[PDB]
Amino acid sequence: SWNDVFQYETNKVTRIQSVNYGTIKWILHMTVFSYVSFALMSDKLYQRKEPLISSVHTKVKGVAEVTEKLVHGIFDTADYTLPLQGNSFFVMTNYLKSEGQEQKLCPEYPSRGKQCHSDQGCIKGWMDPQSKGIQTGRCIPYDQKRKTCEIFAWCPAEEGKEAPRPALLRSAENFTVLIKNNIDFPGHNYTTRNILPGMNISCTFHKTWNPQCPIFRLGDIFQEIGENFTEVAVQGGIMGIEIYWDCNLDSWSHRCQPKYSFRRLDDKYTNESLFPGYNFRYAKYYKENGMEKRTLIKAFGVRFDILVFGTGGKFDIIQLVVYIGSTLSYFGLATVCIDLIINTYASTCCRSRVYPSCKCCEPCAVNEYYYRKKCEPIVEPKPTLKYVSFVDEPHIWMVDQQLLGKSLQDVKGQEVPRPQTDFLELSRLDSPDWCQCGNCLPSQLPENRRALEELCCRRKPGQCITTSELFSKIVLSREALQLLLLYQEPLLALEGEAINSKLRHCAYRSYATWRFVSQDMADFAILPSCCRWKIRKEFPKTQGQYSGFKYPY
């Protein structure tokens, strides 16, 4: 039990002294190592990455003068900008005014060919989001030239009027926005900001000269991406200020700096029915003479959306371990490829065609030696398994099918090469129809099992193997068999029928080992009737019938 615990299994290997294969192995190992290292360091797969949480604080500075009796106006942050001071801020670039609005009946603004021509056309009680009123069903003259439906809404109405061109607040392109970005990686417990001590304040952002200046001129934002602020100012738009944080929190590779990029977020070619641009209608309410009045301003502008994103990486042992474990199996590529080469070039097909056709692959025949020193083929031992050898042939035949009452001599199997004998050890001092030697005899086994023993020493007519002197020296010589038995059992009693049986079995084994060198084939070999019966004649049984070949399993 404890001995079972205290065991270590190590694979048997074959140390090959080959320049080609060693060079290939080291080249592939180096390639795998290089790619693994490159992937680890480039993608920082050894680091735990966490997304950031951002806080944005914007301050827009800039004033515009608008001339529109002539009225001279001044526009500051309490005028053209909203209380928006975070991820988004709005800069007004144009506007439409409608002073003194009261909820009453009035003609809807004639625009986009909405002028009415017939009273029946207008509907009663119909909600009109385009005009923002309820039509009363009666057409009325908005102007002496054209007529429009009557809506109970805020009056006077100015819906559908185009934004003035050129934009009144074009000067917004000269306005400067300061962006303060605070990010944190709570898992990594790291916080930083885009404005650090020792940074100049009289700077404006540029891709090259001042890439870290958080002060942006809107016109520069637009022209860095090929957008015409003057055109966008008319109907408005949405622009994006991307702030990317590719941040490394490792001490030896610490750099957490923002990268500023810009992107228009509103489609230039939005259909006129999809409300192009960016605008919003905001109203100031007041009391006049005793009635509640409203002043409506339709403000066109650019909404700047500050989009902050990024990841913060810090070394994590678990991630590195996982990556290494993932990539470890790639170091078996050399083994796989070289074993594939050995297996393929060990095939008896290359010599036939490939080598004569291509003579450059001639020295690759050495892989047969490697294969035979690397692989030990074996077959499943099954009852039908049988091996036969014919002295007129230089190979052994394996039969792995049932004998359906037909002689094993006539049964056909497949050819296999007889194993090489141990030279170091060998260097020492009315006959049956199926019989082609004349010495074979009918089987005494039951009828259903006579086919197994119906085998001859040779396939073609000739002399029996029993005529060879080695048959008598090895198989029939009682002295040699006695020596073998004593070698196994030194104090054996060479008397009785037991010794005759043991000698018979040793003779069978001797023939099997002589003609089927491998013990694997010798165990499942089948002796010819001639040799079997000569053996039995030499070492015969008493008051018993021979059983024959047993299944080793």
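Throughout, we count residues from 1 along the sequence that is shown. Heads up, when I say rigid core I mean the largest set of C-alphas that superpose within 1.5 Å between the two forms.
- Looking at 130 to 138 and 262 to 270, the one farther from the shown form in 8 other deposited structures of this protein by average CA distance, after a rigid core fit, turns out to be 130 to 138.
- Rigid core superposition in 8 other deposited structures of this protein puts the Cα atoms of one stretch, out of 512 to 520 and 491 to 499, farther from the shown form on average, and that stretch is 491 to 499.
- Per the record, residue 68 and residue 69 are separated by 4 to 9 deposited residues that have no coordinates.
- A chain break between residue 429 and residue 430 is present, corresponding to 10 or more residues of the deposited sequence without coordinates.
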